[PDB]
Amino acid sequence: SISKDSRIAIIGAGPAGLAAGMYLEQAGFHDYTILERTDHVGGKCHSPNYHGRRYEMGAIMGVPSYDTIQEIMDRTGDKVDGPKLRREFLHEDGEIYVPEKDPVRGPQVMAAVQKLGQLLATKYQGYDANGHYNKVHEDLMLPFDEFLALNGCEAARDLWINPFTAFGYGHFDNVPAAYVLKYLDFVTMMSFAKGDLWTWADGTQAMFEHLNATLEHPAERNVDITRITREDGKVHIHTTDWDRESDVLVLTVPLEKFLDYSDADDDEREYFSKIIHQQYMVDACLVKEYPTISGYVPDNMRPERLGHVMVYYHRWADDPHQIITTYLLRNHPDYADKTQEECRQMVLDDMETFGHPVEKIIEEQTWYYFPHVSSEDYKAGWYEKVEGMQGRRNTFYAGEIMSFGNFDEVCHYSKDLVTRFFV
């Protein structure tokens, strides 16, 4: 479909762009370049150093069905070798509870989970295909909570919420089921429930730094792209230090932000303007009365508790002076955005309520997170349109918006992008 001698410009050296280069290269496309704006690779897989070890400012974990990430690891020599994950559940007052042994609610949840599994196995068979170019059932276009209510499966939300809302992906009242069930597909949900999770001692970033190194063309970094245009069957890229012509453009960067430095056409502008994102804030903390385990707080995952700590990550069990990361959301469609200052204050108060008071915040990051569209826009055929635009003026669209904000999903999509359009 596309000629091996094409000059291919990939924008972004996150998992998505690095994967694009890997699978292009392995398909015989040797003239790609990856353009990265920062000084580093891995994107939201970001594993900085502290006291001889690496902590996670972004992604922490995978599941055994992360087949594409296994291929990446087959290529780099990396191994799943991080510390074990364990967790407790806390109420918003900090008291420990065991929802798995709630004799009334527990059965209700697992019964709903059983029923949903059967629906997914029959009625919604195909729901978990990567990307959204296979048009899902209309039901999956509804907010997850409405999708569950339609099917009499409300109580299932209790299991699904913890690795979703706490993981920054937003709230079940508004986020379409399509996203939730592609990420937390039945088998993936089961792996999470069971604690069968991948972590890396050197961070999730490490395998991406290593992938980049294995590439024929490691990413070019500190590349400040000021403008892109696509006249006359060609791509023209202008950066502070140069400007070059390519034959093919691959975007793994945010598509609404792309509008501000490109000759974006009417469709691009109209549709990329609909993209909404999460403001997901992570605080790298030194604390007293070091936790003995990670904690989730479902009470603080309610929209009424927006900006509160939903979860904190106990990474290094042996060293009580190592980093504990905290996680909170600053936005919700039906609420005013929470300010950084006020959310930072909640980090301190909540961690104190939890009995693990903060001595120091050494790093803090609000991420551009989980780009997506509303149920209304999804229903109106957003992905039909954008997937119909694939290749228009030699521009291909990828990254988080085109699949899901998880590093296996975006890598998987980049791989299939090669199969779908290039080979």
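Only the largest set of C-alpha atoms that superpose within 1.5 Å between the two forms is called the rigid core. Sequential numbering from 1, following the sequence displayed.
Put simply, when the other structures in 5 other deposited structures of this protein are lined up on the rigid core, the C-alpha atoms of 102-110 lie farther off than those of the other stretch, from 172-180 and 102-110. As the entry records it, the average C-alpha temperature factor is higher for 388-396, out of 46-54 and 388-396. As the entry records it, the average C-alpha temperature factor is higher for 234-242, out of 76-84 and 234-242. Annotation for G126: C-alpha temperature factor in the highest third relative to the rest of the modelled chain, per the entry. When all modelled residues of the chain are sorted by CA temperature factor, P298 is found within the lowest third. Among the modelled residues of its chain, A112 has a C-alpha B-factor that falls in the middle third according to the deposited record. The PDB entry assigns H356 a C-alpha temperature factor belonging to the lowest third of its chain's modelled residues. Per-chain ranking of the deposited C-alpha B factor places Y280 in the lowest third.
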